[PDB]
Every structure is written in C-alpha cells, then in structure tokens.
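Visitor: Experimental structure and sequence below, a few questions after.
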Amino acid sequence: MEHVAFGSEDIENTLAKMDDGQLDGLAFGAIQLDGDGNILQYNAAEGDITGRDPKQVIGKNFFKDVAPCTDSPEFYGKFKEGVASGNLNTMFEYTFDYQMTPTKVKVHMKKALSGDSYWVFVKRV
Ligand SMILES: *C(=O)/C=C/c1ccc(O)c(Cl)c1
C-alpha cells in the first residue's frame, strides 16, 4: 500500500514516479486523463469503487463513453475550465450512478506534472 493520503498538497509530485503497478497501491481511486478526457491510467481502487475493469477503460473517453453522469458543468465543466486555465485543483463531492448502484464519492481533480495530463482522484464518502 503506497503511503499517500487523499488530498495531499504535493500529490502530483508523489504520483509522478508511479507506474501502473504502484498506482494500484494507492488507498483511493486515481484516474489520469488527457486534456480531452481520454483515460491514460486507471488504478485498482477506482475499479473497486466503480466496477469497471482498469485495463478495459484505458483509451476510452471518460466524459463521453465511460462516465456520462459526469458530463455536466459540475464535473466535466470544472475539468475543462481547469485544463484551459492550466491550474486545475478542485475538490467536490459527486454521485456516480451510470449502470451502477449510486455511489457518493469525494473527487479531487488536479493537474499532473506531465503537462497534458490531469488527475481525477476518488474516495468513498
Ligand atoms: C457516472 O456516469 C460516472 C461513472 C463513472 C465514474 C467513475 C469511473 O471511474 C467510471 Cl469507470 C465511471
């Protein structure tokens, strides 16, 4: 289990060193998206929260295909505003309910260090 807390101030530096295997060691869900919302990384804890197979969602568009319930100003809108500005860092609660039992989560979106990369972190609430 990787020793990183959800919402930590330097999380983007800590996660910069992690291959897909170390990402699976996190205590919380972690998704990496490009600026368009395409899934670059998707860890085991997120698969546990959502039911999706982490290997099978890589390459899919999060907002268009995987997670349409986030296609809204309250989630996607915050994401694309942060991508456009280049300083994405926002935390909010949300309910995931597409083809799943509705699940309330806390979401932290933060711009990655890798430039055109953005983290979406998720934990249960
Ligand atoms: C609602 O459509 C949200 C669905 C959803 C949220 C988070 C993750 O990781 C996935 Cl695969 C789907």
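Guide: Looks like it came in fine. Numbering: from 1, shown residues only.
Visitor: can you list contacts of stretch 1-9?
Guide: Stretch 1-9 has contacts (CB atoms under 8 Å, 6 or more residues apart in numbering) with 11, 14-15, 18, 22, 25-28, 91, 106, 108, 121, 123. C-beta here means a position set from N, CA and C on the backbone, and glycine is covered the same way.
Visitor: Now do the longest helix that the chain contains: which elements does it pack against?
Guide: Secondary structure assigned by DSSP state H gives helix 76-85 as the longest helix of the chain. Of the remaining helices and strands, those touching helix 76-85 by 3 or more CB pairs under 8 Å, 6 or more residues apart in numbering; DSSP states H and E are strand 89-96, strand 103-111, strand 118-124.
Visitor: Just say which of these is most tucked in.
Guide: A comparison of these by mean neighbour count, using mean count of other CB atoms under 10 Å, puts strand 118-124 on top with a mean of 21.
Visitor: one step back: quick one: which of the contacts of stretch 1-9 is nearest the ligand?
Guide: Of all the contacts of stretch 1-9, the one sitting nearest the ligand is residue 121; the distance, using CB to the nearest ligand atom, is 10.8 Å.
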